[PDB]
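The data below hold one chain only, encoded as structure tokens and taken in the form deposited in one PDB entry.
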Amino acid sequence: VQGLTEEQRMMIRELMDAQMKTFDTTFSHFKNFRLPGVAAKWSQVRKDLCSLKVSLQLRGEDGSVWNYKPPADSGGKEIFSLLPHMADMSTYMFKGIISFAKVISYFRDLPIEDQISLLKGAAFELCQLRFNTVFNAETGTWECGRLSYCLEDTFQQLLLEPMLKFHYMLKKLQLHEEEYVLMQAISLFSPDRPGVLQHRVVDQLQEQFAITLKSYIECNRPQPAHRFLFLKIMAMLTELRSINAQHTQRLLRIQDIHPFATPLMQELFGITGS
């Protein structure tokens, strides 16, 4: 509303427009995805994979329901059964993220080589930000339209896994749509991603997205619960970058022993094909 400059309001409008056009919140176009079948190293890969045990539910348009419960680790390959499905979901999410960036004027004006570097740097993080908006913290469930992913009761022991503590702590802030898309912009325009050339312009763009966020919070959120909301959000973005670097290493480890990354995932994670 008011309290923001015209450039700031236009900035938020452009991000909201881009989010509206490229985030399929009902996941209606996520289709033809794979499903789990009807050294050590392997030790590290086994703990890498048992962190996020999730059950899966699919509600058919006709009213039927399929439910999938994963196996326990039995020292064998059953730990890989969800990877093809998660790869297809990640790939679907990444395409929406790429379309989000491409619709935004500030991003489209950078050199293409820096566009690519920025997308490689932040695709994971924008994916997690979008998933948080469909996260139900009461049921521990990501509600993706006809699909649901539910954490398997194994509990603050779950809040020990950094991605999961991230989703609960971010949901707790009860952000608006505008604050989520500003979080996405700040993360997308990070001057320090590997291989970025235009450090100073990306940093100025980022600073302007951060300032718009701080001003949006100050003019629209006077309640004592939202004191320091801006700084809490920025601490969450720092944590999410840390989560990004751990899960990049985790993906490359799993990929080393059990290949699964899609071609789009390989491009974003720097896998060359040889």
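Numbering starts at 1 and runs along the sequence shown. Superpose the two forms; the largest set of C-alphas matching within 1.5 Å is the rigid core.
The same protein also has a form deposited with a partner chain bound, omitted here; what follows describes it.
At a distance threshold of 4.5 angstroms between non-hydrogen atoms, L119 is in contact with the partner chain in the bound PDB entry.
None of the heavy atoms of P259 is located within 4.5 Å of the partner chain in the bound PDB entry. Residue contact with the partner chain in the bound PDB entry: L83 places no heavy atom within 4.5 Å of it. In the bound PDB entry, the partner chain sits within 4.5 Å of a heavy atom belonging to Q115.
Here the marked residues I98, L264 and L268 all reach the partner chain in the bound PDB entry, each with a heavy atom within 4.5 angstroms. Candidate set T26, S242, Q223, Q249; criterion, C-alpha shift of 2 Å or more between the shown form and the other one after rigid-core fit; matching residue, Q223.
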